[PDB]
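What follows is a short report on a single structure.
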Amino acid sequence: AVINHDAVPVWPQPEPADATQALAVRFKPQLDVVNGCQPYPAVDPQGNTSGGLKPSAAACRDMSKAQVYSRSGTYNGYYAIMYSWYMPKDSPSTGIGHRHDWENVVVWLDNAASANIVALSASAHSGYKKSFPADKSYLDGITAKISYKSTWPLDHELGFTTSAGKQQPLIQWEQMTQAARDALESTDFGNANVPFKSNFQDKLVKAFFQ
Ligand SMILES: [Mg+2]
C-alpha cells in the first residue's frame, strides 16, 4: 500500500540481463532539476508506493533518493526507450499544484541494432515537446540532456536543455517484480499518471515525431 515518500527504498540498478536492458542503460539521460522536487522512488519490490507530498522543496530535495525508470518498446518501425521520473509533488507555489508527479522522455532510435537517435520527445502540459532530428546541442554523446522546471504558474514539466544534468540509478519495467508492475498499473496517483503502464503504447503514439 502507500508508504512515506522518504521511506521508499532506492531500487539498485541491476546488471542488464539482455539487450533490451543494456540499451536502456546505455541511453540513460541526464536530468537538470531547475526547480521543484528531485526525483524519488515511487515503488518498492513488494508493490508499496510513495504517498507523495501534500502541496503546502525541503521535503523532496534529498539527492540520495534519486531514481529513474524506463520501459522499452517499438512503434511504427522505430525503437523507443521511455525514461520516466517520479516526484513527490508538483507544486509551482503553495496552494497550487498537486500531490505526485510523473514525467517522461522518449528516446527514439531507428532500430535497436543501429541504435541511431532519430528524435527526442519530452512530456509537457500541452503534450510532448519534440526534437526532430535530435538537436546535437541537447546530446552529450548519446546522453540526452533534459530539464525539469516549472514556469510559474504552470506545473513542473520536462524540456530539452544544453545544460549538463545528473543521472540516477535506473530500474526498468522489464526488471521489476510483478508486484511492482501490478502496483504501478493499479495505483491511483491522482492528478499524475504512470506513463509506462498499460498506457505505454498509447503514450508512444502521442510521443511520435513524424
Ligand atoms: Mg509535472
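Residues in the C-alpha cells are named by chain (A, B, ... in the order shown) and by number from 1 within that chain; ligands are numbered from 1 in the order shown.
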
I need the residues in segment 34-127 of chain A that are strand (DSSP E) according to DSSP; give them as a PyMOL selection string.
chain A and resi 49-50+68-75+78-90+98-109+117-122

File of the preceding selection, N, CA and C atoms, as a tab-separated table (two decimals), in the first residue's frame:
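What ended up in out-v1.tsv:
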```
chain	number	residue	atom	x	y	z
A	49	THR	N	3.86	1.83	-2.66
A	49	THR	CA	4.06	3.02	-3.48
A	49	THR	C	4.22	4.26	-2.62
A	50	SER	N	4.80	5.30	-3.21
A	50	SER	CA	5.03	6.55	-2.48
A	50	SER	C	3.72	7.28	-2.19
A	68	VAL	N	15.50	6.65	-11.48
A	68	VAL	CA	14.85	6.83	-12.78
A	68	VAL	C	14.31	5.48	-13.22
A	69	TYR	N	13.24	5.52	-14.03
A	69	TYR	CA	12.57	4.34	-14.57
A	69	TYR	C	12.71	4.32	-16.09
A	70	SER	N	12.52	3.13	-16.68
A	70	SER	CA	12.38	3.07	-18.13
A	70	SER	C	11.51	1.89	-18.53
A	71	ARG	N	10.93	2.00	-19.72
A	71	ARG	CA	10.30	0.88	-20.40
A	71	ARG	C	10.61	1.03	-21.88
A	72	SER	N	10.81	-0.10	-22.55
A	72	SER	CA	11.25	-0.11	-23.94
A	72	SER	C	10.21	-0.79	-24.83
A	73	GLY	N	10.10	-0.32	-26.06
A	73	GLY	CA	9.19	-0.95	-27.00
A	73	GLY	C	9.41	-0.42	-28.39
A	74	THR	N	8.45	-0.72	-29.28
A	74	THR	CA	8.54	-0.29	-30.66
A	74	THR	C	7.24	0.36	-31.09
A	75	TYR	N	7.34	1.26	-32.07
A	75	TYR	CA	6.17	1.88	-32.67
A	75	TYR	C	6.50	2.28	-34.09
A	78	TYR	N	10.03	2.10	-35.45
A	78	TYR	CA	11.09	2.71	-34.65
A	78	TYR	C	11.13	2.08	-33.27
A	79	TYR	N	12.29	2.19	-32.64
A	79	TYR	CA	12.54	1.61	-31.33
A	79	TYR	C	12.54	2.73	-30.29
A	80	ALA	N	11.75	2.57	-29.23
A	80	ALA	CA	11.56	3.63	-28.25
A	80	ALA	C	12.04	3.19	-26.87
A	81	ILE	N	12.80	4.05	-26.21
A	81	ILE	CA	13.09	3.87	-24.79
A	81	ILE	C	12.48	5.05	-24.05
A	82	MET	N	11.46	4.79	-23.24
A	82	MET	CA	10.85	5.82	-22.41
A	82	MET	C	11.53	5.83	-21.06
A	83	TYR	N	12.09	6.98	-20.68
A	83	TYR	CA	12.62	7.19	-19.34
A	83	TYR	C	11.64	8.06	-18.56
A	84	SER	N	11.39	7.69	-17.32
A	84	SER	CA	10.37	8.37	-16.53
A	84	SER	C	10.88	8.65	-15.12
A	85	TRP	N	10.49	9.82	-14.59
A	85	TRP	CA	10.82	10.23	-13.22
A	85	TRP	C	9.54	10.49	-12.44
A	86	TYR	N	9.58	10.14	-11.15
A	86	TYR	CA	8.53	10.39	-10.18
A	86	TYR	C	9.01	11.47	-9.22
A	87	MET	N	8.19	12.50	-9.00
A	87	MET	CA	8.47	13.48	-7.95
A	87	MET	C	7.35	13.45	-6.92
A	88	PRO	N	7.63	13.69	-5.64
A	88	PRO	CA	6.57	13.54	-4.63
A	88	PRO	C	5.43	14.54	-4.77
A	89	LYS	N	5.67	15.70	-5.37
A	89	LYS	CA	4.60	16.65	-5.63
A	89	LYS	C	4.99	17.46	-6.85
A	90	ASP	N	4.01	18.20	-7.37
A	90	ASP	CA	4.17	19.12	-8.49
A	90	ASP	C	3.44	20.38	-8.04
A	98	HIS	N	-0.30	19.76	-7.07
A	98	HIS	CA	-0.91	18.55	-6.55
A	98	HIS	C	0.15	17.59	-6.06
A	99	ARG	N	-0.31	16.67	-5.23
A	99	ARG	CA	0.46	15.51	-4.83
A	99	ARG	C	0.81	14.67	-6.05
A	100	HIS	N	2.05	14.14	-6.06
A	100	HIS	CA	2.59	13.27	-7.12
A	100	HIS	C	2.94	14.01	-8.40
A	101	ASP	N	3.96	13.51	-9.11
A	101	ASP	CA	4.30	13.98	-10.44
A	101	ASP	C	4.94	12.83	-11.19
A	102	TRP	N	4.52	12.62	-12.43
A	102	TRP	CA	5.12	11.63	-13.32
A	102	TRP	C	5.45	12.34	-14.62
A	103	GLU	N	6.72	12.28	-15.04
A	103	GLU	CA	7.15	12.87	-16.29
A	103	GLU	C	7.95	11.84	-17.07
A	104	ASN	N	8.07	12.03	-18.38
A	104	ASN	CA	8.81	11.05	-19.17
A	104	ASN	C	9.37	11.67	-20.45
A	105	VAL	N	10.55	11.16	-20.85
A	105	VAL	CA	11.16	11.48	-22.13
A	105	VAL	C	11.26	10.18	-22.93
A	106	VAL	N	10.97	10.25	-24.23
A	106	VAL	CA	11.16	9.11	-25.13
A	106	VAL	C	12.38	9.38	-26.00
A	107	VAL	N	13.34	8.45	-25.97
A	107	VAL	CA	14.47	8.44	-26.90
A	107	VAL	C	14.10	7.50	-28.04
A	108	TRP	N	14.03	8.04	-29.26
A	108	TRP	CA	13.66	7.28	-30.45
A	108	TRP	C	14.91	6.86	-31.22
A	109	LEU	N	15.04	5.56	-31.48
A	109	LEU	CA	16.11	5.02	-32.30
A	109	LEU	C	15.55	4.50	-33.61
A	117	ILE	N	20.02	7.72	-32.67
A	117	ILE	CA	18.95	8.58	-32.16
A	117	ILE	C	18.37	9.38	-33.32
A	118	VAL	N	17.07	9.22	-33.56
A	118	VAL	CA	16.40	9.98	-34.60
A	118	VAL	C	15.57	11.14	-34.05
A	119	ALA	N	15.16	11.09	-32.78
A	119	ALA	CA	14.31	12.13	-32.20
A	119	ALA	C	14.23	11.96	-30.70
A	120	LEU	N	13.79	13.03	-30.02
A	120	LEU	CA	13.52	13.01	-28.59
A	120	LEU	C	12.14	13.60	-28.36
A	121	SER	N	11.41	13.05	-27.38
A	121	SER	CA	10.11	13.58	-27.00
A	121	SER	C	10.08	13.77	-25.50
A	122	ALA	N	9.69	14.96	-25.03
A	122	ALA	CA	9.68	15.26	-23.59
A	122	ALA	C	8.28	15.67	-23.14
```

Residue neighbourhood residue 77 of chain A, 12 Å, only C-alpha atoms, exclusion window fewer than 6 positions, as an MDAnalysis selection string:
chainID A and resid 108:112 204 208

Residues as selected, N, CA, C and O atoms, written as a compact mmCIF listing (two decimals), in the first residue's frame, can you do that?
```
# COMPACT_ATOMS: atom_id res chain seq x y z
N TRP A 108 14.03 8.04 -29.26
CA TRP A 108 13.66 7.28 -30.45
C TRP A 108 14.91 6.86 -31.22
O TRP A 108 15.74 7.72 -31.57
N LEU A 109 15.04 5.56 -31.48
CA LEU A 109 16.11 5.02 -32.30
C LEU A 109 15.55 4.50 -33.61
O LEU A 109 14.40 4.06 -33.67
N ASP A 110 16.38 4.52 -34.66
CA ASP A 110 15.92 3.95 -35.93
C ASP A 110 15.59 2.48 -35.76
O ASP A 110 14.52 2.02 -36.20
N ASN A 111 16.46 1.73 -35.10
CA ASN A 111 16.14 0.39 -34.63
C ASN A 111 17.13 0.04 -33.52
O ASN A 111 18.07 0.80 -33.25
N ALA A 112 16.90 -1.09 -32.85
CA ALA A 112 17.70 -1.38 -31.66
C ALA A 112 19.10 -1.87 -31.98
O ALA A 112 19.94 -1.92 -31.07
N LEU A 204 3.36 6.21 -26.61
CA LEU A 204 4.30 6.25 -27.73
C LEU A 204 3.64 6.88 -28.96
O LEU A 204 4.29 7.64 -29.70
N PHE A 208 5.19 10.26 -30.82
CA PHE A 208 5.84 10.02 -32.10
C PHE A 208 6.08 11.34 -32.84
O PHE A 208 5.36 12.32 -32.66
```

Just to confirm, what's the straight-line distance from atom CA of residue 4 of chain A to atom CA of residue 177 of chain A in Å (one decimal)?
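We find that atom CA of residue 4 of chain A and atom CA of residue 177 of chain A lie 20.3 Å from each other.
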
A:30, A:19, A:12, A:52: which is nearest residue 189 of chain A, counting only C-alpha atoms?
A:52

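Among the candidates A:76, A:59, A:36, A:159, the one nearest to residue 128 of chain A when counting only C-alpha atoms is A:159.
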
Between atom CA of residue 201 of chain A and atom CA of residue 184 of chain A, what is the distance, to one decimal in Å?
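Spanning atom CA of residue 201 of chain A to atom CA of residue 184 of chain A is a straight-line distance of 15.6 Å.
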
When DSSP is applied to the backbone of this structure, which of segment 20-149 of chain A are assigned alpha helix (DSSP H)? Write them out as a PyMOL selection string.
chain A and resi 20-26

Please indicate the distance in Å from atom CA of residue 147 of chain A to atom CA of residue 32 of chain A, rounded to one decimal place.
4.6 Å

Shell around residue 65 of chain A at 12 Å using only C-alpha atoms, local window under 4 positions removed, as a PDB file with N, CA and C atoms, in the first residue's frame:
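Wrote it out as out06.pdb, contents follow:
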```
ATOM      1  N   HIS A   5       6.888   9.006   1.611  1.00  0.00           N
ATOM      2  CA  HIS A   5       7.665   9.270   0.397  1.00  0.00           C
ATOM      3  C   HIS A   5       9.152   9.044   0.625  1.00  0.00           C
ATOM      4  N   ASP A   6       9.649   9.362   1.819  1.00  0.00           N
ATOM      5  CA  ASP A   6      11.077   9.258   2.073  1.00  0.00           C
ATOM      6  C   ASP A   6      11.471   7.903   2.629  1.00  0.00           C
ATOM      7  N   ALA A   7      10.519   6.969   2.735  1.00  0.00           N
ATOM      8  CA  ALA A   7      10.779   5.617   3.197  1.00  0.00           C
ATOM      9  C   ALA A   7      10.778   4.597   2.068  1.00  0.00           C
ATOM     10  N   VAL A   8      10.435   4.997   0.846  1.00  0.00           N
ATOM     11  CA  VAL A   8      10.549   4.084  -0.296  1.00  0.00           C
ATOM     12  C   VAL A   8      12.030   3.877  -0.583  1.00  0.00           C
ATOM     13  N   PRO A   9      12.539   2.647  -0.547  1.00  0.00           N
ATOM     14  CA  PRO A   9      13.966   2.446  -0.807  1.00  0.00           C
ATOM     15  C   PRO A   9      14.283   2.713  -2.261  1.00  0.00           C
ATOM     16  N   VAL A  10      15.506   3.189  -2.502  1.00  0.00           N
ATOM     17  CA  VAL A  10      16.014   3.244  -3.866  1.00  0.00           C
ATOM     18  C   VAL A  10      16.268   1.825  -4.352  1.00  0.00           C
ATOM     19  N   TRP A  11      15.682   1.487  -5.493  1.00  0.00           N
ATOM     20  CA  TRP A  11      15.878   0.183  -6.115  1.00  0.00           C
ATOM     21  C   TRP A  11      17.229   0.184  -6.809  1.00  0.00           C
ATOM     22  N   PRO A  12      18.185  -0.633  -6.377  1.00  0.00           N
ATOM     23  CA  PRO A  12      19.509  -0.590  -7.005  1.00  0.00           C
ATOM     24  C   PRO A  12      19.430  -0.975  -8.473  1.00  0.00           C
ATOM     25  N   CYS A  37      10.932  19.435  -7.030  1.00  0.00           N
ATOM     26  CA  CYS A  37      11.473  18.269  -6.347  1.00  0.00           C
ATOM     27  C   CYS A  37      12.519  17.556  -7.181  1.00  0.00           C
ATOM     28  N   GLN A  38      13.469  16.938  -6.482  1.00  0.00           N
ATOM     29  CA  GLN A  38      14.315  15.920  -7.074  1.00  0.00           C
ATOM     30  C   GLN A  38      13.489  14.669  -7.363  1.00  0.00           C
ATOM     31  N   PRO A  39      13.935  13.830  -8.299  1.00  0.00           N
ATOM     32  CA  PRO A  39      13.261  12.536  -8.492  1.00  0.00           C
ATOM     33  C   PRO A  39      13.434  11.620  -7.286  1.00  0.00           C
ATOM     34  N   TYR A  40      12.371  10.887  -6.962  1.00  0.00           N
ATOM     35  CA  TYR A  40      12.293   9.990  -5.819  1.00  0.00           C
ATOM     36  C   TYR A  40      11.834   8.613  -6.271  1.00  0.00           C
ATOM     37  N   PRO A  41      11.984   7.591  -5.425  1.00  0.00           N
ATOM     38  CA  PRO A  41      11.435   6.275  -5.775  1.00  0.00           C
ATOM     39  C   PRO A  41       9.930   6.243  -5.545  1.00  0.00           C
ATOM     40  N   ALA A  42       9.213   5.679  -6.523  1.00  0.00           N
ATOM     41  CA  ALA A  42       7.753   5.622  -6.481  1.00  0.00           C
ATOM     42  C   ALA A  42       7.210   4.287  -6.000  1.00  0.00           C
ATOM     43  N   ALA A  59      11.232  19.020   1.600  1.00  0.00           N
ATOM     44  CA  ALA A  59      10.907  17.621   1.846  1.00  0.00           C
ATOM     45  C   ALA A  59      11.202  16.729   0.649  1.00  0.00           C
ATOM     46  N   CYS A  60      11.632  17.285  -0.483  1.00  0.00           N
ATOM     47  CA  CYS A  60      11.842  16.435  -1.660  1.00  0.00           C
ATOM     48  C   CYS A  60      13.109  16.830  -2.393  1.00  0.00           C
ATOM     49  N   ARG A  61      14.158  17.166  -1.639  1.00  0.00           N
ATOM     50  CA  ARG A  61      15.414  17.630  -2.216  1.00  0.00           C
ATOM     51  C   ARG A  61      16.588  16.715  -1.903  1.00  0.00           C
ATOM     52  N   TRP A  85      10.493   9.820 -14.586  1.00  0.00           N
ATOM     53  CA  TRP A  85      10.816  10.235 -13.222  1.00  0.00           C
ATOM     54  C   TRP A  85       9.537  10.489 -12.438  1.00  0.00           C
ATOM     55  N   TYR A  86       9.582  10.135 -11.155  1.00  0.00           N
ATOM     56  CA  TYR A  86       8.529  10.394 -10.181  1.00  0.00           C
ATOM     57  C   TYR A  86       9.012  11.468  -9.218  1.00  0.00           C
ATOM     58  N   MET A  87       8.194  12.505  -8.999  1.00  0.00           N
ATOM     59  CA  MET A  87       8.471  13.476  -7.951  1.00  0.00           C
ATOM     60  C   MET A  87       7.346  13.447  -6.918  1.00  0.00           C
ATOM     61  N   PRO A  88       7.633  13.695  -5.639  1.00  0.00           N
ATOM     62  CA  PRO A  88       6.566  13.540  -4.635  1.00  0.00           C
ATOM     63  C   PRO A  88       5.434  14.542  -4.771  1.00  0.00           C
ATOM     64  N   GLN A 167      22.499  12.036 -13.223  1.00  0.00           N
ATOM     65  CA  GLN A 167      21.935  10.729 -13.513  1.00  0.00           C
ATOM     66  C   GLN A 167      21.535  10.033 -12.219  1.00  0.00           C
ATOM     67  N   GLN A 168      20.638   9.062 -12.359  1.00  0.00           N
ATOM     68  CA  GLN A 168      20.013   8.327 -11.267  1.00  0.00           C
ATOM     69  C   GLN A 168      20.116   6.834 -11.523  1.00  0.00           C
ATOM     70  N   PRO A 169      20.111   6.023 -10.463  1.00  0.00           N
ATOM     71  CA  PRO A 169      20.008   4.569 -10.637  1.00  0.00           C
ATOM     72  C   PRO A 169      18.727   4.210 -11.370  1.00  0.00           C
TER      73      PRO A 169
END
```

May I ask which of the residues A:97, A:20, A:14, A:166 is the closest one to residue 63 of chain A, counting only C-alpha atoms?
A:166

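Nearest to ligand 1 of all the residues A:148, A:160, A:173, A:27 is A:148, counting only C-alpha atoms and all ligand atoms.
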
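Closest to ligand 1 among A:3, A:113, A:180, A:33 is A:33, based on only C-alpha atoms and all ligand atoms.
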
Restricting the calculation to only C-alpha atoms and all ligand atoms: of A:181, A:136, A:203, A:149, which residue gets closest to ligand 1?
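Among the listed residues, A:149 lies closest to ligand 1.
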